[PDB]
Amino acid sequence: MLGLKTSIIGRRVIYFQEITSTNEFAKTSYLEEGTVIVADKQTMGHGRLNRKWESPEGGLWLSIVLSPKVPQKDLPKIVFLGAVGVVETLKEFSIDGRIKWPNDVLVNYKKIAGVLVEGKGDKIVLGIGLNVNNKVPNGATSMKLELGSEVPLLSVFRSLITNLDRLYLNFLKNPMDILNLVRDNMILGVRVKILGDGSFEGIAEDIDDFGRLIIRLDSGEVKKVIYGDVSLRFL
């Protein structure tokens, strides 16, 4: 009845009035490639490193089951597929979303969406959380808060699935293509601070051919940040 016309992502969709977490459901359940798990609200929304994600009604909370037939070295680029997908859909709604390494999309430096990729094997779960018409935590923003008016959620859904379908199909073909789109749409050239084992500061200049963030320290030293147990902050 939805009439989706995408090739893989969205071949099926399981909608929930509410769920604990779409990622948890997708990881746990036996689902086929391309199945999309979406829910009005999550009671146990999750972010990275055991962080929790507010998921009240009005936002877009979905997860996509994937089985990327590409080399294991490319898997980390999947988080970017999500990130660019959102950016593209925000641009469709004339919202200037910008990517923040490693998994965030901001509007005027205020987070409007999160992206979390979990699992491995032959089943990757692409989790996405965009604020649309829902209330959001302090410091964050939403499509509705950006346009000054409510946005038809189902329209945002169709737009995102459509972009992700195209992005994903091309990624299976050319796994490198995504990083060009990531560069063009990521927040670079500004001072950033990296928290992992200890921490350091410098300018985030670009992402290399592995999606790793390249930081140039004041000492002229250049570090390559790989996403894992790490956090990025703007100065």
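Note that residue numbering follows the sequence shown and begins at 1.
Taking only CA atoms, the mean B-factor in the PDB entry is higher for 65-73 than for the other of 29-37 and 65-73. Set 15-23 against 216-224 and average the Cα temperature factors; 216-224 ends up higher.
Ranking 138, 155, 163, 134 by the C-alpha B-factor listed in the PDB entry places 138 at the top. In this PDB entry, residue 60 carries a Cα temperature factor that places it within the lowest third of its chain's modelled residues. Residue 144 sits in the middle third of its chain by CA B factor, as recorded in the PDB entry. Among all modelled residues in this chain, the alpha-carbon of residue 104 has a temperature factor (C-alpha) in the lowest third.
In the PDB entry, residue 92 places in the middle third of its chain by CA B-factor.
Among the modelled residues of its chain, residue 49 has a C-alpha B-factor that falls in the highest third according to the deposited record.
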